[PDB]
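Sequential numbering of the sequence shown, starting at 1, is according to the authors' numbering.
Read the structure below first, then the notes.
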Amino acid sequence: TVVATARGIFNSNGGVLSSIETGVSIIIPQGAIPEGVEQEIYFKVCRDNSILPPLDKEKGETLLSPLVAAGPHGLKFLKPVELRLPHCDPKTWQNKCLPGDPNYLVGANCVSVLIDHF
């Protein structure tokens, strides 16, 4: 329970993989996947590590956030795909940053992480 899973195929056209049940999402910028191809991408986000529902362990699990298992371990990309996950830690904003600049913290709600090799 309390688990959010999202499985779906992508293409060079572009798309996104988001799980409202959790929040984490994955944007596929036009160019991450080759044309005339279908890249099956999925992932499961959840606060519980033991409550994780069986998806595809033997297939290959690639953890990203506190507990988020991407699709099959080993999925190259021809473009830095956008991945967003909850940080849950305000210790990456206050560090000699700009007092009048939003960049000093306007990125705590979600961690912008690019993936070019699963």
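Ideal Cβ placement from N, Cα and C applies to all residues, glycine included.
Indicate whether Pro53 and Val3 have their beta-carbon atoms separated by less than 7 Å. As a first step, residue 53 must be located in the sequence shown, where it is residue number 53. As a first step, residue 3 must be located in the sequence shown, where it is residue number 3. Contact: yes.
So, helix, strand or coil for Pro66, using DSSP? Here residue 66 corresponds to residue number 66 of the sequence shown, with the count starting at 1. If DSSP states are grouped into helix, strand and coil, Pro66 belongs with coil.
Euclidean distance between Cα positions of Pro102 and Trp93: Along the sequence shown, one-based indexing puts residue 102 at 102. Along the sequence shown, one-based indexing puts residue 93 at 93. Going from the Cα of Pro102 to the Cα of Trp93 covers about 10 Å.
Reducing DSSP to helix, strand and coil, say where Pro80 ends up. Position 80 of the sequence shown, counted from the first residue, corresponds to residue 80. DSSP places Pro80 in strand when its eight states are reduced to three.
N- and C-terminal bounds of the beta strand (DSSP E) containing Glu40: Here residue 40 refers to the residue found at position 40 of the sequence shown. First-last of the beta strand (DSSP E) with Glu40: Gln39 to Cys46.
Where does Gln30 land, buried or exposed, given buried means 16+ other C-beta within 10 angstroms? Residue numbering aside, residue 30 sits at position 30 when the sequence shown is read from its first letter. Exposed.
Can you give me the C-alpha to C-alpha distance between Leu98 and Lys57, rounded to a whole angstrom? If you number the sequence shown from 1, residue 98 lands on position 98. If you number the sequence shown from 1, residue 57 lands on position 57. Each residue's Cα considered, the two are about 43 Å apart.
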